[PDB]
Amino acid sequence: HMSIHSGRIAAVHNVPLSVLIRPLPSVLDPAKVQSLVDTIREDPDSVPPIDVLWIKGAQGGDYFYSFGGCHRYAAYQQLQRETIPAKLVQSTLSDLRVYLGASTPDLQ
């Protein structure tokens, strides 16, 4: 075998909900939110980590952007949880511009 696979680093962490930037509105099915609440209470390991873009700014500041995972995010909030399991996906400002376009911040 001549080759390896390489990609961005992703690691699951229990991230404080408060650190997550959520620039976009959520599209929520209220019954699906409640279903997740029930599942988180009874069987949390069956609820996957949400994906979060981990971006480092020009001066090394860390920013955690959350797009999607709307139902899980809402369900953790309704449970008043401090943290949520999240896959932190190392990403760039170019990756961020895909979601934020002209409003993409010059992050520091």
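Each residue number is its position in the shown sequence, starting from 1.
Stretch with the greater mean C-alpha B-factor as recorded in the entry, comparing 95-103 against 8-16: Looking at the recorded C-alpha B-factors, 8-16 comes out higher on average.
Residue range whose averaged C-alpha B-factor is higher in the record, 56-64 or 40-48: Mean B over CA atoms: larger for 40-48.
Third of the chain's Cα B-factor distribution that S35 belongs to, per the entry: It falls in the top third of the chain.
How does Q80 rank on Cα B-factor within its chain, lowest, middle or highest third? As the PDB entry reports it, the C-alpha B-factor of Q80 lands in the highest third of its chain.
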